[PDB]
Structure formats: structure tokens, C-alpha cells
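Down below is the structure, laid out as C-alpha cells.
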Amino acid sequence: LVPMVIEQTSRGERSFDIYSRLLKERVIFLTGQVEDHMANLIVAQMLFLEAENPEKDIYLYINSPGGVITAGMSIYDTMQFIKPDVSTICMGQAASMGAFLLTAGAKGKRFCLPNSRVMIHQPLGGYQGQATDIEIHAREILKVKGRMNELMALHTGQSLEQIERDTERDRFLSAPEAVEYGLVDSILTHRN
Amino acid sequence: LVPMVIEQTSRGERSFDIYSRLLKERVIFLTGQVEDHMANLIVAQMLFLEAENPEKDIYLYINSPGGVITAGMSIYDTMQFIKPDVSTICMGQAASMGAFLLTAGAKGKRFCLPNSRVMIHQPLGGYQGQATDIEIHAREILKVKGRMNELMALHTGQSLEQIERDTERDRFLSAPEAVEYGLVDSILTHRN
Amino acid sequence: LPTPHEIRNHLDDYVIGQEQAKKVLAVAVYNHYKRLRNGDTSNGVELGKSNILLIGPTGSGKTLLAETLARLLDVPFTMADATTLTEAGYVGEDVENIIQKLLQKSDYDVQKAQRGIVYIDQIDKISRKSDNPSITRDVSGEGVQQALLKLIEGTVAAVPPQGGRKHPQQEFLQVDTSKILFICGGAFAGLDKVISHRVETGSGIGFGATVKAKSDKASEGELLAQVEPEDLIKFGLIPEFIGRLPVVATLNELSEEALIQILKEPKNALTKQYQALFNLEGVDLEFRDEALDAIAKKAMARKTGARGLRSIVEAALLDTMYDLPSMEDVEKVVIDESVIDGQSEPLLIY
Amino acid sequence: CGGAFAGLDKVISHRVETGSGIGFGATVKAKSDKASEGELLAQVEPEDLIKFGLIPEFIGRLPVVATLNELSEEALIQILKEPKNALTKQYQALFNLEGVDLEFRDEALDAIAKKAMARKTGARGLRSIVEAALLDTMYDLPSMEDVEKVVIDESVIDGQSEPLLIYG
Amino acid sequence: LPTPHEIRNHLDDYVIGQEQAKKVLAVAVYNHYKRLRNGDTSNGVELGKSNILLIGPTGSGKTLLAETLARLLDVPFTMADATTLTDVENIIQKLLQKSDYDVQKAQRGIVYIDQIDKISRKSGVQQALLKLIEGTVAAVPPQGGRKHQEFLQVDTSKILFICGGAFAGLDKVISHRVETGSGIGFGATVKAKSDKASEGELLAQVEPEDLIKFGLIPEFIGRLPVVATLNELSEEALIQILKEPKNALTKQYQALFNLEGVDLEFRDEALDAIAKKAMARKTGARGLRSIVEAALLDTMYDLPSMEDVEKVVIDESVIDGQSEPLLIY
Ligand SMILES: Nc1ncnc2c1ncn2[C@@H]1O[C@H](COP(=O)(O)OP(=O)(O)OP(O)(O)=S)[C@@H](O)[C@H]1O
Ligand SMILES: Nc1ncnc2c1ncn2[C@@H]1O[C@H](COP(=O)(O)OP(=O)(O)O)[C@@H](O)[C@H]1O
């Protein structure tokens, strides 16, 4: 269920859902697994805000255990293409793909909660068939792993070799460690 | 099904759902298992109330058997970040994570019903794979247990050593014992 | 008698960066003087009156155009409002109120009322709101336009002259309205989106569609030039009401650079006012280009920047003006951009 | 008592149309192929006005009724020449006092008709088209001297050309 | 003739806590006087009329500024009001009567209008004053006439006019414009109960457009471009108004008992608490009598019956009402 709220305006009272009200303030929610449907819905939200105002900062709250890679890369290109600075925040957890979209936000406008947790690993895949087909899908997923490490280093500032060693296996990073790693800029402990 | 009610206002009559009516009075409901979707919805409600009024106390009624840890920790940091005092009430039951969010409320504004029951235990998990990966996930869940015990002592006032011994296994706490343990402030037996 | 070239030359002193609107108005006013001056009792009679419809952004100088024209113009001028009006004897205001307001400018002379011109602002605010199951009789909406139809075309309405000292008079004057000119204009909201969909391209939200990057970099004005009556129908106006106003004006926009021109070229520019205020004291006022640029940004940040120039300029010189009489042997005053921000104090020359 | 009623054709359409059932046994009637607005209002009766909102008592006080056809492209051409108070003759007198003549060729009036219907404003919306064309001319005409005639061609309406002026 | 610095010192005796207000009036008054005395044939032709409109908080002392300026200025002064609501010529007649039928001196006299908000667009007398501020002649019967008929024409273009009135609800209109939106997320800041919504720091950013929303006509506002903000009050002002002025209530009641052979005292420890009580009522100095009279009520009631009370001392507790005032025998 979704609660309904009332927003008071000069013209009159209007009823809005909790998610649509925050959308009016340039706020988008990324919840659950990243799939083709959930990702395609967020893209339309970002584009809608661009037309309304291309000079106002956008806030993206992420709480998800990750998911499909191809669905997530469509969002990454969108954040970089549009002019507004896409602020990212990590709430609860940020998996492999959730971490890539987190660090891809605008520099200086990336935050993580004091008790949040980030996890990064290498891309997962698999195939069943002839040996010739396995080699094709193996070369393809290898390029993605190399591509995902290059972009992660670009925003984090770390070296490509360091990201390769840290992404060989699952690696959990606490909220303070993310700052030291260049993944985020600060922590929003209290309101000032 | 959700019943519909009518709220009389100066402008005119408006029809509201039972959950939205209480939301207008700074009341949020935490029902069922704690997951990424249910937790992400409550966070938006708290933020909505902050903008409407940052000086009025918020009341959070909790009746849940617990759930995912990462989803609940996003709520804890939110309650501490915002300025308003988040009053917490335990109705029916408060599991490991439900108890952590209950005690995390503002000091002096935490209550428990006369027949409510609280249960606390250590984090649960598991993994299947190589031994190298099991060691990583074991260290991660160990940090959470240490972090969850530190915060429990901070709000409950007890020592970290006491929380460690009491959280080794499931421990049920009646409503009166919760007061003696520093977990809550009083009991709302009757209206005065 | 007034020649369109001569009247336009005079208006250029008071208006900057608006040319199309000047040509449109000059022809109408010249025809109006000619229509009222010439008896017209020839083979052709009852010459038609082309009413003017002014369109432009808020704070573009519409009120100044009518008032500055009224200053040099001999006939009286009034500034009414459409939002106050409410049809069929409602709480807000009767239509007849506009006529009685005109007589005060005309000193209660009926012959002078036909000579004068009328101006209305915020005409777009009475756009036909179209919500089907709410009232179906929009007093603020369409309903107001129906009442103005007969007014603009021409009719005689009873008007108590001067209001009357007491019941004793109990009489009313007959005032014609056919020969009276009407200038109804207001900044329409959302009109740019209406014409973009039908005229230029597949713009909007999507990637390939042209985004609104030029929010302030470029002027939307050029789009308004291609406006037509059919587009106003979608806005809410009735075709009958539009037929009463055949002429149309664009008034594209005001530019940051134009603000600098407004402070130097016009006769009534603020720079010339303060310059003469200090000239009598044996002091000179110097404005630098850097100082003007800072003023433009501050005015642009606030709403109705054109109307906010007085506040920015007055605050900057308020402190200096207080100490100028006290100070002696000071012949010049220099203002810098830093002073406009408030971090610096103007330089003084002895 | 007379005023332009809006939407009356939709009400008249419902009554004039016989109506039919959508099922198999119910017969279907093919009618109202064209709007025939002018020919449709002629079939008006008091009962239709009751559904529109008028009270029968008020209509009973008005036994007679008049249906007016909507002017067409050809109707406007005659309105610009035959009537004495036509707009064309108005400007002719406007320039006569100025010692200049005015002319309106048939090719220019045909184009005005198509533009008038395009604006869905009727005869009252015709001045918008005329003043828009003669705008440039009227701006420099008083200052101009030794000009005895003005001709408005079809191109001037489109804006490609300017009206031809004869010096004499 | 007088300069802003010297005129400020004279006004300071009667004006306190309104320093910025003095600057606006000093420049306006000096500028206005020079406009009348200058050749008026300079390159800077059609000089905009300099008229000042006072922003009136309830009981903010606007009447004081006019009286102090009027008393200090040798030119005649008149106290007009918009209650007439049509008949404006009578206001002009009043100035001449003080002036003793002298048009010259009358020209140099400035008039102050009170309760200008009473004629706002809440329903058109404002349209009549437009012809007055812009300059016109109004018929005035000199001396009223012995019996049944001429009138004197007195110019009005060069006379200055001070139009001010206490506006109600003006803060709410400015709040809508100056709020510039409210945020809901983490990074966006949330306003507290009152940070910038106070009367102070809210009128300085006022502009002509905001007055249009209240009901004022732009023609009327165009004639008054200059505007000066007036602070409401402060704890220091209330402390000084009860001690420095000669007609303060403290000195008045002190004199009431002098004839009765009894003295009264008011310590500073009692007045600071009185200031906190006055601001809570939001009534200014005019609402001060309710506080002082309430405490004295019980005292003055049983004071005649009391005997041997040579002096009475008022402690801070007396204002609270918990403890009765101490009597000195
Ligand atoms: N051409 C111009 N020259 C000088 N000042 C101008 C010019 N155009 C606008 N302004 C300034 O803009 C101010 C407002 O002018 P207005 O005519 O009231 O604008 P506006 O668009 O009519 O505002 P509305 O429609 O009444 S809300 C004037 O007081 C001038 O300071
Ligand atoms: N700064 C001040 N110094 C002395 N008296 C003041 C001051 N401010 C206000 N007053 C007092 O306030 C009264 C004027 O109130 P006023 O502001 O005219 O009320 P209103 O706002 O209703 O017109 C005067 O009697 C005066 O003694």
C-alpha cells in the first residue's frame, strides 16, 4: 500500500502519492533489484526533471542489493549525459551495481549514511552450450569487467590495478572507509 | 481492504484512507517483516513530515517480527539525523531489528504497552562457496554484531559487556523488565 | 497631426529594444486621432476601430508604454485591471467601474472621455478555466469576457457624474463607448509551450527533442511573432473576444544589455536623476561598466528585475548621500562593482 | 432576443437523428453524413431548446425564430465590395482625404477569404488580416509625398511582396 | 538647509532605535527642499517625485516622527486622515488655516497622512489623490464665508506628502515571495519556527510589486518610489520610554501619589520583565497601560484605607503578581 498526502497550493488542494510528492522535489527512489523494468522507469523520471528545470540538483536515494548490469549502465550514461548534478545517497546497502551508480554521482555531492554498507565484486554470468559459444560470452563478460573497473577508478580516483585486486572477491566497505577510498565525499550524520 | 474516512475542513470535506489520515497527524505504521520496500517507504514519510513541521514530535508504532538488518539500519540513521524527536511504541512484538528501532527513539519519549513483548538475538546469516569467501562474509557480519551492540549500550545505557552476554541467544523481555533495563522510559497503561 | 515617424522617435527615447510594437501602435493611435478629428461625414461613414492587443513578458515595460505615451499625449489615460471584475452582480466588481474611473481623468467631460485611451493588465488571468464537473459557470473565467464584448464594441451606460454630493442630484450621464479605444494586454503563462507543439518541432522531455537549455541564454520572443488567433482558443479565449482585438503586439523581451541602455539613454534614467541631484552640490556622479554589470545580475536574480533597479541603486548610495553634505571639497564620486555587492565603499575624490 | 448559441448543433443532431439500437434486430439508419450546420439549424424546434437549458415558458413568449446560415468564402468577397460600410470602402475614404487612391484586386480578396476561415473568427476577424498587410505602408504613408495610388496584390497578403505605390 | 548629521542629533532626543529610518527621511527631506529651491532648468529634467511612505507596525511611533519633524520645522503642519472617504480639499484647507492664508509658506509645508491602508482596494478615493500628488488646484473657501461665493486655488505639485498607514497581513504576502520554495530531502535545509519570518529583516527586502498584491494601485505607488522600514520596538526602547520621556507613565503615576503624600519607585529589575510582557501582547507602547495598571489595581484599591505608608517600593516580583509590593513606613 502507498499512503496519500495533500499538498496545499494557491489554486487549491491536490492529492498526491508519497512517491509522486517527492518526485516533484527532484527526488527519485531506487529500491529492490535492478531490472529492465525498474531501470526504464527511473530514466523517464530523470528526463522529466530535466525539462522542468535543468539547473536544480537531483537527489537519488539508493537502497538495493544490486541486479542486472545492462539495466544499470543505462542509468549511468543518463546521469553523465544530462546537465544537472545527480546527487547520490546510500541507504541501507549498495551492492556491485548500486555502488557503481553511487560513485558515478557528481563530485562533492555524494553521501553515505553512518551505518550504510557497500559491497563490490566482479560481474557474474554463465553459459551452457558448445565450446565455441562459451568463448564468445566469456570474452564479452571480460570486457565488461575491464570496463567497470576503468569507470570505477575514474570517479574514485584510485588506480586501475588497485580496483582489479579489490574486485576479485566480495569486499565490504563501511561508511568511513568509503570516504578514505574516494567513493564518497562526506557523511550526513546530523542536520546543520 | 482499507476503509475510507471523511475529514472535515474549512474548505470542504475530503475523503482519506485510514493510513493517510493518521499520516497527517505525524503517525507512521511499521507492520510486518522489515524489507527493502517497506523500509524505503517509511523513510519518505519521515522526510515528508520534517518539511511540514520540524518542531513537532513524530510517533512511530512498531508491530513486526523483524527482518533484514540493512533495511532497518537505514531507518535508524534517519531518526538520528532529523531534528524532531521520534517517539517509538511497541505493539504486539518487537524482534531484534524492531527492538533496535524501538530503543533508538528519543530519550524520554519511548513507551511499551503493558502486554507487549520484545525479543533480541544476534544477527543471522549464511554463505556457500569457497573458504576465502566465507571468511570475508564472517568478518562482515561480525562487525555488524559489534556495531549493533555498541549502539544498544549507547541508548540503553548498559555496558557493552552486558549486551554481549545477553545477545548471545534469544532473550525475551516483558514490558516491566524493559524499563528496568533502560530500553524504554514508561508504560502507557491508561490515558490520563 | 502627429506623424508616426515623429511619435515613434519620441517613444524611442522612453522605450529600448522594442521596434515592432512601436510601428503597430503608431498606426493605430494616428488613425484614432484622425478618426476622431476628421468628421468622417463622407460617402464612407462609421469607420471601424482597430483595438490593440498587447502581449509580452512580465515587467517588459507595457505600463510605461501606455503611461509614457500618455505623458506626451494630451488625451487622458487610465490604468484599470481585469482580475477585480466579476460578472452578473457578484461580490468582486461591476464592469461599469471602469467607466467612472475614466471620468476623473477627464474632469467629468464626456467629450474628453471619447478622446482618451484605456489600458488593462493581467488579461490572461481571466482565461477560460476548463474543469467540467466543478461549476460549469466560471465567474472568473469565460463569463467576464462575455460582458466585455458589448463594452468594447460600443454602448452607452449610465454613470453618476462625480458620484453626487447627496441624493439631491439623482442623475446620470450618457457616455458613448464606440469611439473609445481599448488596449487589453497581459503576460500569458504557458503560451510558449502551446505554439512550440504546433509550429516548430517535436520538442519536449526526450533526448533528441530540443531541451530548454536556453532558459535565459536566448529569448522566447521570436516564437510569439508567429502567434495567431487559433492558438489563443486553446488558451481559453473565446473567438468572439479575439475578433474584437484584431491587432497584436509581440514585445519579445528585455535583455541584460538593455538594462544598461535604460540607465544611460532614456531621459528619465536613474543615472540622470541622481546626476542632477549631485550636480547642484558641485559634485559629479560617475558610473562604471563593471558597476552596471553587477546591478544586472542582482536584478535578474530577483523577480521583476526591471522594477527592482531603484532598490539596488538606492541602497548603494544611501550611505554616501548621508555623508555628502557633511563632506566638503569633494567634487567627484566613483562607484565600483564591489560596492554594489556591499563589500566595498565608494571612492571619493577631493 | 438573439445571441449566438454554442453547441446547439450537437443537441439538434441528437434529436434530428432518428436513433437506432446497436443490436442485430434493431435497424440502423445512415444519416448526418455531413454536418450541414446551416441546413441543420433550420430543423430546430422548441423541444430541443428545453434540453439546452431554456424554459418552455420563455420560448412560448417567442413564437417566431430565425436561423442564420454561416458565411462562406464567397460570401466574404461580396461583403467587401457591395456594402457601403465595407472595410474596403473605409480605407478608400481614409486615403481619399490624404490625396491618395486605394484599390482592391480580386486576387487579393480571394486569399483573405481563405485566411479568414483559417482563424475561425468570421467577418469580425477580417480586420486582423487587412491591418497586418497595410502596417508597413501606413507607417511611412503620411511622411511620403507625391503618391497618388496604392494597389494591394495577392502576394502582399502572403508577405512575399509589398503593395505597389504609384507616384504622381 | 539642515544636513542629515545635524538633523539626526535633534531627532535623536525624541527618536530611539530607528537610526536607519532617519537616513531615509534626512536624504528625502533635503532632496525635496532643494528640488523646490533649484532652478529646475538643468539637464536632469522631469525629476521623479520624491515621496516617502512609512511602514507602520502597530504602535510603532509613526506619529512621533511626524510631530518631531513638524515641531522642528518652522513650516506649517497638518494631521490629516483617510476617514473622510470623499472632500479632500478640506485637508488642504487645514494647512492654510495654520499657515494663516499664505500660499508661499504653505508650498514649503509637508503633510502626513495616517491610516492610508484604510482606503486600500477592499470593496476608489485613491484615484482622487493621484491628481493631487501629481499636482492640481482645489477650490478652498477662504474663511468659510459670512453668508451666501469664491474659492482660492492653491497649487499642489510641489508640496510633499507623507502617506503611511499600519498595514495588516503584509508580512504574510512577503513570506510567500521570499520563501522561494521548501525542500524535503536530506541536503535541502528546513526552516525552523521563525528564523527570517520576524518583522525585522523582512521589510528591508520589500519592493513596489509586493504592495500591488495588497491592493494598492501602481499609479499611487509610482508617485512614492522611496520607502523606509520602521522597527517595531525593542527591550531597550521600552526601558528608555518609561524613564527618559517626561510624560512616561512611571512619572505620571508617581505624580498621582505626590499629592497624596506618597512616593513610588520602579527599579530597573522590574522594567526588563515588563518589556518581555509588552512584546508578548504585540500592541506596542499603547498596550503598556494594561500591565502597569493590573499590578497597581490591588495596591490602589486598598491604598486609601492604609495609613502611615510614607513610601511604596515596587519589586520585580510585583510585576509577576506572586508577591505584593512592600510598604515603607
Ligand atoms: N523600455 C524601458 N525603458 C526603461 N525602463 C523600462 C523599460 N521597460 C521596462 N522598464 C522598467 O520596468 C518597470 C516596470 O514596467 P511595466 O510597464 O510596469 O512592466 P510590466 O510588464 O507592464 O509589468 P506588469 O505587466 O504591469 S505586472 C518600469 O518601472 C521600468 O523601471
Ligand atoms: N521611539 C519612541 N519614543 C517615544 N515614544 C514613542 C516611540 N515610539 C512610540 N512611541 C509612543 O507611541 C505613541 C504613538 O503610537 P503610534 O505608532 O502612532 O500608533 P499607531 O501605530 O496605531 O498609529 C506615542 O504616544 C508615543 O509616545
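In the C-alpha cells, each chain is lettered A, B, ... as it comes, each chain's residues begin at 1, and ligands are numbered from 1 in order of appearance.
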
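Each residue with an atom within 6 Å of any atom of ligand 2 appears in the list, which was built counting only C-alpha atoms and all ligand atoms: residues 14, 15, 16, 56, 57, 58, 59, 60, 61, 62, 63, 64, 241 and 285 of chain E.
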
Checklist entry - What's the 12 Å shell around residue 34 (chain E), counting only C-alpha atoms, without same-chain residues fewer than 5 positions away, as an MDAnalysis selection string? => result (chainID C and resid 276:281) or (chainID E and resid 1:3 27:29 39:40 47 50 108 158)

Next on the checklist: So that I can see what lies close to residue 122 (chain D), please list as an NGL selection string the residues with an atom at most 9 Å from it, counting only C-alpha atoms and leaving out residues fewer than 2 positions away in the same chain.
Outcome noted: (:C and (239-240 or 243)) or (:D and (70-71 or 116-117 or 119-120 or 124-126))

How would the residues just picked look written out with C-alpha atoms as a PDB file, in the first residue's frame?
ATOM      1  CA  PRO C 239     -13.184  33.605 -30.768  1.00  0.00           C
ATOM      2  CA  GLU C 240     -15.720  36.422 -30.430  1.00  0.00           C
ATOM      3  CA  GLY C 243     -12.378  39.252 -33.106  1.00  0.00           C
TER       4      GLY C 243
ATOM      5  CA  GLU D  70     -22.805  30.713 -41.819  1.00  0.00           C
ATOM      6  CA  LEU D  71     -20.944  32.857 -44.316  1.00  0.00           C
ATOM      7  CA  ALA D 116     -10.421  34.422 -42.536  1.00  0.00           C
ATOM      8  CA  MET D 117     -11.840  30.904 -42.315  1.00  0.00           C
ATOM      9  CA  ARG D 119      -8.810  31.838 -37.941  1.00  0.00           C
ATOM     10  CA  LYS D 120     -12.406  30.688 -37.183  1.00  0.00           C
ATOM     11  CA  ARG D 124     -15.038  40.398 -37.337  1.00  0.00           C
ATOM     12  CA  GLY D 125     -11.666  38.669 -37.689  1.00  0.00           C
ATOM     13  CA  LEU D 126     -11.081  40.205 -41.121  1.00  0.00           C
TER      14      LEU D 126
END

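Each of E:216, E:312, E:192, E:327 was checked against chain A using only C-alpha atoms; the smallest atom-to-atom distance is that of E:192.
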
What residues in chain C have any atom no more than 6 Å from chain E when counting only C-alpha atoms, and can you write them as a short mmCIF file (atom, residue, chain, number, x, y, z; two decimals) with N, CA, C and O atoms, in the first residue's frame?
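Dumped to result-v1.cif:
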data_model
loop_
_atom_site.label_atom_id
_atom_site.label_comp_id
_atom_site.auth_asym_id
_atom_site.auth_seq_id
_atom_site.Cartn_x
_atom_site.Cartn_y
_atom_site.Cartn_z
N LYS C 272 20.58 59.82 -14.67
CA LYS C 272 20.41 61.25 -14.89
C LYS C 272 19.73 61.92 -13.70
O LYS C 272 19.97 63.10 -13.44
N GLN C 273 18.89 61.18 -12.98
CA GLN C 273 18.22 61.77 -11.82
C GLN C 273 19.23 62.08 -10.72
O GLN C 273 19.33 63.22 -10.25
N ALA C 276 21.85 64.86 -11.58
CA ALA C 276 21.43 66.24 -11.38
C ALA C 276 21.27 66.56 -9.91
O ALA C 276 21.44 67.71 -9.50
N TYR C 322 24.13 60.37 2.77
CA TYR C 322 24.07 60.91 4.13
C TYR C 322 25.30 61.74 4.45
O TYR C 322 25.20 62.80 5.09
#

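Using only C-alpha atoms, the chain A residues found within 7 Å of chain C amount to residues 47, 48 and 51 of chain A.
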
Emit the selected residues as an mmCIF file, in the first residue's frame, including N, CA, C and O atoms.
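Output saved as out27.cif:
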data_model
loop_
_atom_site.group_PDB
_atom_site.id
_atom_site.type_symbol
_atom_site.label_atom_id
_atom_site.label_comp_id
_atom_site.auth_asym_id
_atom_site.auth_seq_id
_atom_site.Cartn_x
_atom_site.Cartn_y
_atom_site.Cartn_z
ATOM 1 N N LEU A 47 14.547 12.271 -17.060
ATOM 2 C CA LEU A 47 14.276 13.110 -18.220
ATOM 3 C C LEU A 47 13.173 14.116 -17.924
ATOM 4 O O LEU A 47 13.237 15.267 -18.371
ATOM 5 N N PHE A 48 12.154 13.698 -17.172
ATOM 6 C CA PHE A 48 11.050 14.595 -16.848
ATOM 7 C C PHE A 48 11.538 15.787 -16.041
ATOM 8 O O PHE A 48 11.070 16.915 -16.236
ATOM 9 N N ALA A 51 13.451 18.652 -18.178
ATOM 10 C CA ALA A 51 12.630 19.646 -18.859
ATOM 11 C C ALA A 51 12.087 20.678 -17.882
ATOM 12 O O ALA A 51 11.999 21.867 -18.214
#
